[PDB]
Amino acid sequence: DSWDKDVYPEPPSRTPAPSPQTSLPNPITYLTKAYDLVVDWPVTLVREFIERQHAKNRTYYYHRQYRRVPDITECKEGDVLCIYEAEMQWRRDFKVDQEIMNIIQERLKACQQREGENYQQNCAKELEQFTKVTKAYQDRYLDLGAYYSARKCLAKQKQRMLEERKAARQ
Amino acid sequence: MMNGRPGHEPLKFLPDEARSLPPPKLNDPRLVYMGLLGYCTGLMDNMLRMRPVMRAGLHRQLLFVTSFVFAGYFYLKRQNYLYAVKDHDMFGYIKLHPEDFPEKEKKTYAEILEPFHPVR
């Protein structure tokens with residue numbers, strides 16, 4: 001379980017206790033007990049052996065955080081070095097935002113499947129987060145072309161800010 | 001267009017100012033390609049005269065490769081001199097006439113408003 005509930009929330013399961021009002025045996029319970037004893041125990045033993053071997057030959061890998069280079073806004077046009085660094089960090093942030101959108105979509109699908117018949121009521125916050133992140137994504141990356149760039153994103157943001165400022169005049 | 005420059009001695013292959021420039025390293029792709037062209041010239045000559053393509057005329061192939069590398073080296077040194085003196089004259093003219101070549105200040109991508117063309 002590398003994943004954490006902070007980024008992939010899951011409500012605690014509330015399963016009811018059995019109430020076997022009938023006298024018949026339960027083939028589901030018998031098959032689950034036999035399935036555990038026959039399949040789950042050897043698989044658990046194999047995985048424990050594998051994990052013991054991994055703990056013997058344990059190694060590590062890291063994350064490689066990048067630091068913020070100067071952006072496209074604060075250096076002169078025609079300077080290909082600053083433009084290159086700003087373009088690379090913008091493409092990096094673009095890919096990160098793609099995966100943020102993927103995380104929100106996974107969260108929404110998990111909410112819908114977990115709630116089932118009550119998805120129209122108790123998935124309100126998941127749908128609200130999905131709508132807000134969709135609106136922000138549409139504000140920053142939507143109309144950019146197949147040659148999307150930091151310069152094009154900046155031009156779109158400046159046009160949107162100009163329209164909002166003009167609307168705020170009246 | 002550079003024949004009328006001051007100090008142009010006529011019909012001079014390599015003036016002494018060329019002696020100020022670093023020569024080719026004698027194994028650079030221009031000269032290696034010139035030697036390859038000489039070798040191909042020898043092979044094509046053998047095939048046209050209907051001899052064995054490489055088994056025959058080893059002295060001819062050696063002379064071809066050597067002559068191509070030799071002439072290519074001296075011509076390459078001359079061309080390096082010509083390009084160097086063209087760059088020198090251009091930089092000197094820039095320094096002589098600064099009012100015709102202003103150091104234009106470019107501004108950042110925070111004042112210019114590039115129009116945005118959506119691709120809906």
# chains A, B, ... in the order shown; residues from 1 in each chain; ligands from 1

$ interface_residues --of "chain A" --to "chain B" --cutoff "6 Å" --atoms "only C-alpha atoms" --output "list in words"
residues 73, 74, 75, 76, 77, 143, 145, 155 and 156 of chain A

$ atom_distance --atom1 "CA of residue 148 (chain A)" --atom2 "CA of residue 7 (chain A)"
28.7 Å

$ residues_around --residues "residue 15 (chain B)" --least-positions-apart "4" --cutoff "12 Å" --atoms "only C-alpha atoms" --output "PDB file with N, CA and C atoms, in the first residue's frame"
ATOM      1  N   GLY B   7      44.716  46.743 -48.824  1.00  0.00           N
ATOM      2  CA  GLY B   7      45.673  45.701 -48.525  1.00  0.00           C
ATOM      3  C   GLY B   7      45.491  44.419 -49.301  1.00  0.00           C
ATOM      4  N   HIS B   8      44.656  44.417 -50.337  1.00  0.00           N
ATOM      5  CA  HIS B   8      44.419  43.223 -51.143  1.00  0.00           C
ATOM      6  C   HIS B   8      45.514  43.130 -52.194  1.00  0.00           C
ATOM      7  N   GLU B   9      46.502  42.291 -51.942  1.00  0.00           N
ATOM      8  CA  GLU B   9      47.508  42.026 -52.962  1.00  0.00           C
ATOM      9  C   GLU B   9      46.933  41.078 -54.009  1.00  0.00           C
ATOM     10  N   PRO B  10      47.106  41.365 -55.295  1.00  0.00           N
ATOM     11  CA  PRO B  10      46.412  40.587 -56.325  1.00  0.00           C
ATOM     12  C   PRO B  10      47.061  39.236 -56.585  1.00  0.00           C
ATOM     13  N   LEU B  11      46.204  38.250 -56.876  1.00  0.00           N
ATOM     14  CA  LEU B  11      46.600  36.882 -57.233  1.00  0.00           C
ATOM     15  C   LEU B  11      47.466  36.235 -56.157  1.00  0.00           C
ATOM     16  N   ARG B  19      48.578  33.552 -41.963  1.00  0.00           N
ATOM     17  CA  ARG B  19      49.477  32.935 -40.998  1.00  0.00           C
ATOM     18  C   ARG B  19      49.052  33.184 -39.560  1.00  0.00           C
ATOM     19  N   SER B  20      48.186  34.167 -39.317  1.00  0.00           N
ATOM     20  CA  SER B  20      47.641  34.387 -37.987  1.00  0.00           C
ATOM     21  C   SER B  20      46.511  33.429 -37.646  1.00  0.00           C
ATOM     22  N   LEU B  21      46.079  32.604 -38.586  1.00  0.00           N
ATOM     23  CA  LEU B  21      44.922  31.775 -38.303  1.00  0.00           C
ATOM     24  C   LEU B  21      45.330  30.332 -38.049  1.00  0.00           C
ATOM     25  N   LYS B  77      42.621  26.003 -46.166  1.00  0.00           N
ATOM     26  CA  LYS B  77      43.279  27.085 -45.443  1.00  0.00           C
ATOM     27  C   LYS B  77      42.964  28.437 -46.070  1.00  0.00           C
ATOM     28  N   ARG B  78      42.947  28.501 -47.407  1.00  0.00           N
ATOM     29  CA  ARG B  78      42.583  29.747 -48.081  1.00  0.00           C
ATOM     30  C   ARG B  78      41.145  30.161 -47.769  1.00  0.00           C
ATOM     31  N   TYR B  81      40.886  31.576 -44.362  1.00  0.00           N
ATOM     32  CA  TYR B  81      41.335  32.964 -44.390  1.00  0.00           C
ATOM     33  C   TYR B  81      40.250  33.893 -44.922  1.00  0.00           C
ATOM     34  N   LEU B  82      39.564  33.480 -45.989  1.00  0.00           N
ATOM     35  CA  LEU B  82      38.549  34.339 -46.596  1.00  0.00           C
ATOM     36  C   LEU B  82      37.367  34.566 -45.660  1.00  0.00           C
ATOM     37  N   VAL B  85      38.501  36.863 -42.760  1.00  0.00           N
ATOM     38  CA  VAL B  85      38.647  38.275 -43.090  1.00  0.00           C
ATOM     39  C   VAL B  85      37.292  38.900 -43.415  1.00  0.00           C
TER      40      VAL B  85
END

$ select_by_dssp --residues "region 24-160 of chain A" --states "helix (DSSP H, G or I)" --output "PyMOL selection string"
chain A and resi 27-56+72-74+80-122+124-141+150-160

$ residues_around --residues "residue 90 (chain A)" --least-positions-apart "4" --cutoff "9 Å" --atoms "only C-alpha atoms" --output "short mmCIF file (atom, residue, chain, number, x, y, z; two decimals) with N, CA, C and O atoms, in the first residue's frame"
data_model
loop_
_atom_site.label_atom_id
_atom_site.label_comp_id
_atom_site.auth_asym_id
_atom_site.auth_seq_id
_atom_site.Cartn_x
_atom_site.Cartn_y
_atom_site.Cartn_z
N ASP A 71 10.78 32.21 -15.18
CA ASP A 71 9.66 31.89 -16.05
C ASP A 71 9.73 32.72 -17.34
O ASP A 71 10.64 33.53 -17.54
N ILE A 72 8.76 32.51 -18.22
CA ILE A 72 8.73 33.23 -19.49
C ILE A 72 8.43 34.71 -19.30
O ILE A 72 8.78 35.52 -20.16
N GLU A 85 14.37 27.32 -21.04
CA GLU A 85 14.15 26.88 -19.67
C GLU A 85 12.70 27.07 -19.24
O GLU A 85 12.12 26.19 -18.58
N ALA A 86 12.10 28.19 -19.62
CA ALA A 86 10.70 28.43 -19.30
C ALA A 86 9.79 27.45 -20.02
O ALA A 86 8.81 26.98 -19.44
N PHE A 94 2.73 21.26 -17.20
CA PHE A 94 1.61 20.79 -17.99
C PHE A 94 1.37 19.30 -17.77
O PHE A 94 0.24 18.86 -17.57
N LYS A 95 2.45 18.51 -17.78
CA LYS A 95 2.32 17.08 -17.53
C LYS A 95 1.84 16.80 -16.10
O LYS A 95 1.01 15.90 -15.87
N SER A 149 2.29 25.98 -25.85
CA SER A 149 3.56 26.51 -25.38
C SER A 149 3.31 27.46 -24.22
O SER A 149 2.17 27.87 -23.96
N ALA A 150 4.39 27.80 -23.52
CA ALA A 150 4.30 28.80 -22.46
C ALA A 150 3.89 30.15 -23.01
O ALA A 150 3.12 30.88 -22.38
#

$ residues_around --residues "residue 65 (chain B)" --least-positions-apart "3" --cutoff "8 Å" --atoms "only C-alpha atoms" --output "ChimeraX atom specification"
/B:34-39,61-62,68-69

$ atom_distance --atom1 "CA of residue 47 (chain A)" --atom2 "CA of residue 61 (chain A)"
21.8 Å

$ residues_around --residues "residue 5 (chain A)" --least-positions-apart "6" --cutoff "12 Å" --atoms "only C-alpha atoms" --output "list in words"
residues 11, 12 and 107 of chain A
